[PDB]
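K.L.:
In the entry's author numbering, the protein residues as written are 1 to 164.
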Amino acid sequence: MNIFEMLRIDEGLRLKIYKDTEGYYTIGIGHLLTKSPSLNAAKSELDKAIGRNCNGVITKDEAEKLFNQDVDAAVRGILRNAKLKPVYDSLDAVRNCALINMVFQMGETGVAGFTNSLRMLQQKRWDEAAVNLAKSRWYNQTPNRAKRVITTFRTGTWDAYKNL
Ligand SMILES: [Cl-]
Ligand SMILES: [Cl-]
């Protein structure tokens, strides 16, 4: 398992504009287009992202390209963030995928807000971090994915994604 396969399982793949769990216009593999309620604004953002008149639909190749760009950005974001980098530097490869997953979903800012959990992760207090991460809107709104990610931080293995 790797970050791409992981996110692909959590985000799925849709080639037509859709609304995510929060109701925001999205496409491809969880690529957020806009928080605005206007479908036209989304269509505009899509064309700008792809470089052509898409009329709300893209190809699989286009979806994968946006995906590579998004994973790269999430990684770069972590590495430039003063609160996130130290955590990332402290973790093993499997657990860092869980951190990338969160950033991909909630953004750098959102993740930087889990101050307490972040400190527990840095200290390698896995079970404690797991409980703390669960006390969040994130866990209450998307419990299945949150459990997978949390199990990943807790065990340092891919068990939660095996058999999916
Ligand atoms: Cl809570
Ligand atoms: Cl979920």
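Idealized CB from N, CA, C, for every residue including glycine.
#1: Tell me which residues share the same chain as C54 and place their Cβ nearer than 6 Å to its Cβ, disregarding the 5 neighbours each side in the sequence.
#2: Might you give, ordered along the chain, the residues of its own chain that have their beta carbon closer than 7 Å to the beta carbon of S36, omitting 5 neighbours on each side?
#3: Does the beta-carbon distance from residue 169 to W126 come in below 9 Å?
#4: Measuring only the C-alpha atoms, how far is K124 from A160?
#5: What distance in whole Å lies between the Cβ atoms of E11 and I29, which are believed to be in contact at a cut-off of 8 Å?
#6: Could you have a look at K19 and say whether DSSP puts it in helix, strand or coil?
#7: My assumption, with CB atoms under 8 Å, is that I150 sits in contact with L164. Please give the rounded CB distance.
#8: Extract the residue ranges of the alpha helix (DSSP H) inside the stretch 40-88, only unbroken runs of 4 or more that lie entirely within it.
#9: For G28, which three-state DSSP category applies?
#10: Can the beta-carbon of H31 be found closer than 9 Å to that of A74?
P.N.:
With the given structure in hand:
#1: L46 and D47
#2: Nothing listed; no residue qualifies.
#3: Nothing in the structure corresponds to residue 169, since the chain is present only between 1 and 164.
#4: 19 Å
#5: 5 Å
#6: strand
#7: For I150 against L164, the beta-carbon gap comes to about 16 Å, at or over 8 Å, which does not count as contact.
#8: 60-80
#9: strand
#10: Cβ atoms of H31 and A74: not closer than 9 Å.
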